[PDB]
């Protein structure tokens, strides 16, 4: 077999289910006997078939349907290979979900992929659109030379018992087959020729996190665009993990973004880039003893230009699902204070409180102790800062080993090895900034109002809202949800963020994931759209600045799942078709987080008063990709130009098969012209 290119083809159109034979190519005899090599191809799929082989080599005869090698893509954006010679001899597979796309801005686009079969290193690697997607290691390295009875080289399908299986439909822009193993560098470069949308945060940036989730995007009145997201270190798992909140800004309308920062973070566990296992066992494992922050909300007070970042604060080993019932506060002398448990007391003996100036008091004696905390909640014993060893986490087989290192970090009340431990429920935290993220204020735990009967009271991720007109103009609002006397709730401030008041919006005690976002009506009244535990998105209205809310009404015509998915709904500054408009983003499928769509809702005055005053007509819907393509959490923002920016999870974040994927948080922009189908 010669060194270099064995076969090359260009601009090949393939009719769905027909495939294309490469048997007559001069190098077919070499390709049918490859001991290793590299395949790189550019393609555009126009088919909705489930599995679509791009290139294959194998045995087409009867009874030999399990003898072949093929590189394929799926209608849901997955990509992979299967190297087979019947299950008794070998069946090597490698894939990565949500690796490619089908449609971008209304048109089918080309993706560039590559498979490298490295005999010397006994390794197989898959690449797509400039990224290394997956790696397979095998002691018994195998390739085309190991398949019995190869009799064909085919494009757009895999020949099985004389039939075209895994039928592709579309165009193979280019294909090059090398007998040699090209370097990862050459393949990253070669496949990187086609990319769509951009990353703000990414595996390898200064956050040191390989994964991200829960997007927040907001254009400030100054023109600067800011964003935040969970920096999920231990895979894409929710809290009871190691998660920090990442932040970045753009001063050029969303074209380029600054180096990300970590405004909300904990140091009990080290922040590092780690590849979380995706196998059936390891994928379910998560960090057990780390404190974390989760689900960000960004908000701007246009009157003061101040910005706020909110997120849930989870004590060590705590998440929404295992949070203890209680406020985490104790009332002494009429004032609520954070309570603490001395590590040597009984398991549930929270006999201390953090009072004025961070001084820790003994409640039984009502006398101050020798301990105190700073504005970051780190402990001190007589002005001397307390410390503890930072933990590291590594997999030993399917087991996650969490061990102490020799690195000292300040002892914080939310850490598992702290001498004074906070109550194991969730808290609401926030910091403000007057210089667009250059510096942030001290940690402000605003959840003193958490109902003592609640398991958890958390934020609805995305952005908050400031009322611009009416009696309550200037009021700041942040959506919340809980498992307590109410499900949907809100916290508002009339003094520019200095103080917050909690509001129960219903009397539902089921604790469903009622993530909501708020939009303002022309007269200042508000409409909140929310995820529910039923097969619909609900709408509630307030005519008193968010103090009381109407009963839930299903949002007619916008399909969703029973478990649901977070949504984003924003006010647009200019009228569309002459009417005030709001824009909504959410996956449209009734099962699975996929088929993302952006809708434009036109506000109509019905002629009625009160809660029935306005009616929103969802006149336009825009499909971001094809129906099976992944789309989960998202956040919209009107950019300084007329465009609508979109930061979203381009995969199914609920699925147990799409956990721990790198670089799925994408940033895209769309004009109103595009969104209204007006080209």
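Positions refer to the first chain, counted from 1.
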Mean C-alpha temperature factor, higher of 395-403 and 259-267: 395-403
Given 519-527 and 385-393, the range whose Cα B-factors average higher in the PDB entry: 385-393
Top Cα B factor in the deposited entry, candidates 659, 15, 22, 664: 15
Of the residues 312, 356, 230, 487, the one carrying the largest Cα B-factor as recorded: 356
Assigned third (lowest, middle, highest) for the C-alpha B factor of residue 601: middle
Chain-relative CA temperature factor third for residue 83: middle
Chain thirds of CA B-factor: placement of residue 298: lowest
Residue 539 - Cα temperature factor, lowest/middle/highest third of chain: middle
Assigned third (lowest, middle, highest) for the C-alpha B factor of residue 170: middle
